[PDB]
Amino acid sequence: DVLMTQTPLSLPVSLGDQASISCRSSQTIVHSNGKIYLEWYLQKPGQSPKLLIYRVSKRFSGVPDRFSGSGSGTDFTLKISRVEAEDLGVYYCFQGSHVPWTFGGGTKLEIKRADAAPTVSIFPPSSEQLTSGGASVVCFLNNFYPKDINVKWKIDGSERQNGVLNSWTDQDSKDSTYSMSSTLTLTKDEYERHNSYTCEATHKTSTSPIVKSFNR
């Protein structure tokens, strides 16, 4: 089969700056008819992939002027001249010259923006869950940048690590931020043996952790 290898794996780029994504095939991809069928797709977060370019350099209808394709032999390149926030997502190259048709592995486009601190929010267990005999405490860390962040749970002042489960969103196409949820799961019995519950987020925007608490 034709192997399609994309470079880089991830590409941070500021708004207005340029982004370039390389595709390399394991062979020449000229069809018997003499044409090269290299296509570029973009998958935005939460959506199906979208066709951007076909036939190496041809824009599909609706694709703005700033998306450019080029290449021949085994080396092909997608260029984005003035990155907008709506362009973030994963870019896939693809050859349709030889069967089986094959995709590249993807290159993630990340928007560089100014650092932003999270908006922290803690939520106690619901009475509906307590009836089940379980108790999940949740902490939303919303709309921050960059992606990496630390969250520390504390029950009655003492750090708590087991039972924590963290999950990050993809980058938001509107404000270029990230959000993440931290969920500490306990038993109902264990939950009711303690009173003070605390999640505190540490982000590079401050040496002072952002702390949110509740009682009972």
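When you see a residue number, it is the position in the sequence shown, counting from 1.
Engineer: 168-176 versus 154-162: which one carries the higher mean Cα B factor per the record?
Structural biologist: Mean CA B-factor is higher for 154-162.
Engineer: Averaging CA B factors per stretch from the PDB record, which one is higher: 33-41 or 184-192?
Structural biologist: Comparing averages over the C-alpha atoms only gives 184-192.
Engineer: From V90, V99, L130, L78, can you pick the one with the highest C-alpha B factor in the entry?
Structural biologist: Among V90, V99, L130, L78, the highest C-alpha B-factor in the entry belongs to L130.
Engineer: For the chain shown, is the CA B-factor of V137 in the lowest, middle or highest third of its modelled residues?
Structural biologist: It falls in the middle third of the chain.
Engineer: Lowest, middle or highest third: which one holds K50 when the chain's residues are ordered by CA B-factor from the entry?
Structural biologist: According to the entry, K50 has a C-alpha B-factor in the chain's lowest third.
Engineer: Sorting the chain's modelled residues by C-alpha B-factor, tell me whether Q95 ends up in the lowest, middle or highest third.
Structural biologist: According to the entry, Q95 has a C-alpha B-factor in the chain's lowest third.
Engineer: Ranking every modelled residue in this chain by its Cα temperature factor as given in the entry, which third contains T107?
Structural biologist: CA B-factor rank for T107: lowest third.
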